Amino acid sequence: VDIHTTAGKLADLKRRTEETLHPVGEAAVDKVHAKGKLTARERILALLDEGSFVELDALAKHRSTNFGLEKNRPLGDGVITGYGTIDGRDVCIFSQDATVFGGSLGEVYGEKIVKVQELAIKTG
Amino acid sequence: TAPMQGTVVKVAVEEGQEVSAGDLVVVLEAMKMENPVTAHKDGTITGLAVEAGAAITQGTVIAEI
Amino acid sequence: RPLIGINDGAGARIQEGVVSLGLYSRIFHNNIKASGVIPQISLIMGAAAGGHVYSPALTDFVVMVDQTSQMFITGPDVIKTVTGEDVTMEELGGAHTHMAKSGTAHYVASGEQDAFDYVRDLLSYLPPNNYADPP
Amino acid sequence: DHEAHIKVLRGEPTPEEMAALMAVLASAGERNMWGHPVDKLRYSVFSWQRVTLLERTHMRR
Amino acid sequence: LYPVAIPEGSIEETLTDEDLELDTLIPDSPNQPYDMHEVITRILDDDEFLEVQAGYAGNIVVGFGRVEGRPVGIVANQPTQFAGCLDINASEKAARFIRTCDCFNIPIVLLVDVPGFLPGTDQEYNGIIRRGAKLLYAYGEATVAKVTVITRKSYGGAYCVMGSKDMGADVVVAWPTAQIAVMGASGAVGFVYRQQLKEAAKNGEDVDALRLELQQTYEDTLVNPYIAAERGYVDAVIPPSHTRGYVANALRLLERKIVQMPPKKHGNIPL
Amino acid sequence: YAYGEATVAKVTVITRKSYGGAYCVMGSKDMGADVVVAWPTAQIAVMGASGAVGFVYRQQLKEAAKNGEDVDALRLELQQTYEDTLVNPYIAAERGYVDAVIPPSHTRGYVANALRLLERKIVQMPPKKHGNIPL
Amino acid sequence: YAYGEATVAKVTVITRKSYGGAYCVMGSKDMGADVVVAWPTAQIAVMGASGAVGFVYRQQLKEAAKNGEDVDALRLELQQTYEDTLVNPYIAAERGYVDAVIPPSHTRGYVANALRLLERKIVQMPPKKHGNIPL
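Residues numbered from 1 in each chain as written, not as in the entry; some residues may be left out. Chains lettered and ligands numbered in written order. Part of a larger assembly, values for the part shown. Heavy atoms only, no water. Residues with missing side-chain atoms left out of burial classes, pairs and counts.

Its PDB header names cryo-EM as the technique used to obtain the model and reports a resolution of 3.50 Å.

A. Focus on the overall build of chain C. Summing up its helical and strand segments, chain C has 6 helices and 5 strands in all. Counting from the amino terminus, chain C carries its helices and strands in the arrangement β-α-β-α-β-β-α-α-α-β-α. Over its C-alpha atoms chain C spans a radius of gyration of 16 Å, differing by no more than 12% from the 14 Å that the globule rule assigns to 135 residues. Along the first, second and third principal axes, the C-alpha atoms of chain C reach 50 × 35 × 20 Å. In chain C, the proportion of contacts linking residues at least 24 apart, taken out of those at least 6 apart, comes to 57%. (Helix = DSSP H or I, 4+ residues; strand = E, 2+ residues; numbered from the N terminus. Rg over C-alpha atoms; globule rule 2.2 N^0.38 Å. Contact = heavy atoms within 4.5 Å.)

B. Broad picture of the overall build of chain E. Helix and strand counts for chain E come out as 10 helices and 8 strands. The C-alpha radius of gyration of chain E comes to 20 Å, within 12% of the 18 Å expected for a compact globule of 271 residues. Dimensions of chain E, computed from the C-alpha atoms along their principal axes, are close to 70 × 50 × 35 Å. Pairs at least 24 residues apart make up 75% of the contacts formed inside chain E by residues separated by at least 6 positions.

C. Quick look at the interface of chain C and chain E. In this complex, chain C contributes 44 residues to the contact, which on the side of chain E involves 42 residues. Taken together, the elements giving at least two residues each to the side of chain C that touches chain E come down to α1 (19–34), α2 (54–58), β4 (70–72), α3 (76–83), α4 (89–93) and α5 (95–100) of chain C. Considering every element that reaches the side of chain C that touches chain E, the biggest residue donor is α1 of chain C, with 11 residues. Of the residues assigned to the side of chain C that touches chain E, the class counts are 23 nonpolar, 15 polar and 6 charged. (Nonpolar A, V, L, I, M, F, W, Y, C, P; charged D, E, K, R; others polar.)

D. The arrangement of the packing of helix α6 (residues 185–192) of chain E against helix α8 (residues 207–222) of chain E in detail. All names here are of chain E. Direction vectors running N to C along α6 and α8 enclose 110 degrees, while the axes themselves pass 9 Å from each other. Classed by the angle they form, the pair α6 and α8 counts as roughly perpendicular. Only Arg211, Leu214, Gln215, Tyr218 and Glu219 of α8 make contact with α6, whose side of the interface consists of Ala185, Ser186, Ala188, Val189 and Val192. By residue class, the composition of the contact of α6 with α8 is 6 nonpolar, 2 polar and 2 charged. (Axes fitted to C-alpha atoms, helices over the stretch in contact; angles between N-to-C directions. Parallel < 35°, antiparallel > 145°, perpendicular 65-115°, else oblique.)

E. Just the pattern of salt bridges, in detail. With a closest N to O distance of 2.8 Å, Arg244 of chain E and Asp19 of chain E form a salt bridge. A residue pair is termed long-range when its members are at least 10 positions apart, and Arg244 of chain E in helix α10 (residues 243–254) and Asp19 of chain E in the segment before α1 (37–43) qualify at 225 residues. One salt bridge in this structure joins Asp113 of chain E and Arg152 of chain E, with 2.5 Å as the shortest N-O distance. In this pair, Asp113 of chain E is assigned in strand β4 (residues 108–114) and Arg152 of chain E in strand β5 (residues 146–155), connecting sequence segments 39 residues apart. Among the ionic contacts, a cluster of salt bridges with common partners joins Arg63, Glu107 and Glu111 of chain A together with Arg95 of chain G. (Salt bridge = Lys/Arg side-chain N within 4 Å of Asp/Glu carboxyl O.)

F. Seen up close, the sheet that holds strand β3 (residues 35–38) of chain F. Residue and element names in this part refer to chain F. Strand order across the open sheet formed by 3 strands is β1-β3-β5, with parallel pairing between neighbours. In the strand order of this sheet, the two ends are held by β1 (11–14) and β5 (100–101), each with one partner. With 4 bridges connecting them, β1 and β3 associate as parallel partners. Following the sheet pairing, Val13 is matched in β3 by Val37. Lying on the sheet, helix α7 (residues 107–117) is in contact with β1, β3 and β5; it crosses β1 at an angle near 165 degrees. (Pairing = 2+ DSSP bridges.)

G. Spotlight on the arrangement of the chains. Of all 12 pairs of chains in contact, the one with the most contacts involves chains C and E. The closest approach of any C-alpha atom in chain B to one in chain D is 43 Å; the two make no contact. What separates chain B from chain G at the closest point of their C-alpha atoms is a distance of 40 Å, and the two make no contact.

H. Up close: the sheet that holds strand β1 (residues 6–11) of chain B. All names here are of chain B. Read across the sheet, 4 strands follow the order β3-β2-β1-β4 without closing on themselves; strand pairing throughout is antiparallel. The open sheet has two edge strands, β3 (34–38) and β4 (55–56), and neither has a second partner. As judged from the 4 bridges shared by β1 and strand β2 (residues 24–29), these two strands associate in the antiparallel manner. In the sheet register, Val11 faces β2, and the bridge partner there is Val26.

Structure (C-alpha cells):
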C-alpha cells in the first residue's frame, strides 16, 4: 500500500507492531520455547489479566553508536513495559528480555523502566 | 471574505446560487491548506469575485450575501 | 535562589530533530514550576527566535538591548511567504517594538552594561524566594 | 414484620397474573485517599480549614 | 459521575462500527483539512459535546463531554479555520478553559493537529509571545489527568504548547498520520541541506528538482511519529479506532494522580 | 483580580480624581485597601458632575425645557451645586471609605507607618488549587 | 537506600575509581548528588578495561584466536586503547554526571562553596508513613 496514504501508514504501523513481537527474529523465541521458558511478553500476558495489558513505548530503539551498536537496533530495546489489571485492579509492569543483548540495561531500556516507575508512583 | 491571502484553487458557489448557512463558498490554498471559506448566513449568493488561479488577497470580497 | 537567563539563539537546532522540542518543553515546564517561587529574569542580547521567546515570556522580568536584541516566533521570511508583509527583524521584534507595542519587555537598556545594572537593581529589591522577606 | 412490601392498591389479579406481575418487576429490579482534592488545595499555614476540611476528610470514616 | 457499563475485552475486541470510521477520516493529501468534531463526537460518550466559546476562535475547539460517565474537558485544534494554527485568541481561549477545568479537577484531553503559530506582524505587535505563553503556562500548571492524541501534525513550539510529554502529558498517543517535527520539510531542507548541498547546486544543477527530492527524503525519514516514539515523546502509535479505548483506559488509570510542586503563594501567569 | 487577591500591604493615596468603577479598580477600601488616605484635592464620586447632573436632575431639566427656560444656565447652576456638595473627599470619609483626609506632606509618614505595621498581615482566602483569573 | 532518602546537602568528590554498581552505591547524580566533582585522576567506567575488553572486542579476540595470532598482544593493545579512550572522567562530564572536573587543590573550595549554596534545600517526595529500608 502506498506509504503516502492513510491506509499505507496504518498498514505500516501494523507491520511494525508485528515486528515488535519478535524483535530479534522468531528463531530466538523458538529457542526459548525449546528451553521451556516464557518470553517477556508471554510472561506479562500470563501474569496480567487476559487482554488487560496496555503497552508503553513498544516501538522504542536504542540510540548508541559505540562499537557498531548502531548496526542492530531491536524494537523495544529489550524490555516490555506498560500497565494492566490483576484481578481487576490496575498495576504497572515491566519485563526484561534476555534475548536482546543478553538483557543488559541500556539507555532506552532504563528510560522505559523509569517511565513505568514514575507512572506507578504518580497513579499510586 | 478570504480569511487570508491565498490561491483560489476552487470556487464553490454559482450565480444566484442560494447558499445555506455553513455551505462552502471557496477553496483557498493558504498556509499549505485547502482552507474553506463558508457562508456566514443563508440567502442569495448572486455576485462572486473569485476565479480559479487567482491569488486572492486577504479581505477581498468573495461574494455578497 | 534567583535565576538569570541570558538568551541568544536561532531557535531549535534543526539537525537534532524532535529532541530540541522535548528539551524546550522541559525548560518551559521548569520555568512554570519556578513561576512565583524564585525571581526569574531574562536578558535578551540577540536574536531570540522560535522557542527561545517563550522562556522569557514565562520569566518574571525581561531586559532587552535597544537594537542588538530581537525576539520573534516566526521569521520575516515566513511572514512574507504567508502574508507578503515586508518587515525587518527590528520592526518585527526589536526592543522598541516589544516595549511599546506588545508590552513584553520590562526594560530597554542602552547597552549590555546598562542591562546588567538594571538587573542588579531589580535583584536589589527582590527577595531570593517567596519564603524570604525582601532585602 | 416491619418490612415494606409491594401493595396492590386496586383490583385483584388471578394467581397467574400475579405471577406475571412479580416476575416482570423482579426482572426489572474501600478508602483510597490517594490524591484527594483536599490534598491538592493550597492552605495558609494558619487556615482553620486545615482542621475543619483536611483532617475532617483524612480522618473521617 | 454517571454510571455506565464498560464492555469486557481488549480495545481491539470492543471496537464499535463507529470507531472504525476514524481509520479513514484523515485525508491522504496533507493539504486537505478535516472537521475535528468528527473525532470529538466519536470519542465522547453519546456525542454529547458542550462547546464553550463556539464562536470566539474557531481554530481551537474547547468544551465539555463525558468519557465513561467521567466529565472531560476537550481541547482540540480545528484545521478548518486558519489551518488550525495557534493565535492569540485561541491561546487565551484554551488557557482559561484549561485553568477552569483544573480548578474543578476535570481531566483534559488534547486533540492535536497544529502546524504552528499563525504568522503575522499584527500577531507580533499584539503580543503572540506574551499572550500565547498563557496556554503553555496553563497546561504546565494543570495537575489533573492530561491525555494527548496527535492526529496529523505537531510542529515546532506548537508541539510544546499542545501538551508535549515534558509539559507533563500523562499519556500521549499518536495516529499513524501524525507528523512530529521541528518544522515542515519545505523549511528543514533549507537548513539541513542548504549550507553545502543546495548552495553547491550553483555548480549548475537543477536546484528545484534537487529540493523536491530532498523534501521527499526528509518527509519519509523524519516527518513521522516514530522518531518521537523512539524517544518516548509518544507512548503509543495506535490505529485511530483505538482512540476511544485508549483515552477511556488512560482516564481510568489517571483518575487518582499525585504530582508534587514547589511551595508558592500563587504563580505569576503571563498576563 | 490582582489587587483583590494580593495579600501584601496595600496602601492607597487618593491625590485628586477617583470616579466610578475606576475607584473600585484603584484600590477601594472594600477591596481590602489597608490604609486609604485622601488629599484635600481628592474628588471621590460615582460620576463627573456634568454627567451626574443630567441623571440627578433629569426631571427638573425636562421641566425647564418645556418651560423654555435657559437650560444651559440651569445646568451650570445645578452643576456647581452638585460639585460643591458631593464631588469631594468628605462624603467618602463620612462613609469611612477614606480613613483620613490628610495634608499631602503627611503622605510619606502615613505610608511608612502602614508599611511598618503591615509587614505580616494575618489574612487569607478560602483554600483553592489556584484562582481562575480573567485572562 | 540511605543515600537516596538522604535529603540533606549531598556532595561527591571522585578521586580515582568509580566502577560499576559501586558508582551508584557511591553517590551519583541520579541518586540526587547535588554537586559531583571529579579529579583528573578519576576513572568512571562500567568495569575495568581488562574485563571490558573481553566483552567489547570478544569478536576480535575470537578471530585472532582462529588466526592463531598473538592474542595476548592484541589483548594488551585493546585494553590500552580502552583505558585511554573511556576510563576517564570526561565521558561522564560530557554526559553531565560530573558537574566539574577540577584540580584536586580546588576540592576544599568547591566543597565549601557548594555546601554554602545548598544551605537551604527543598526536595519533594511522595507521601508515606515510612520507608521499608531493605532491613
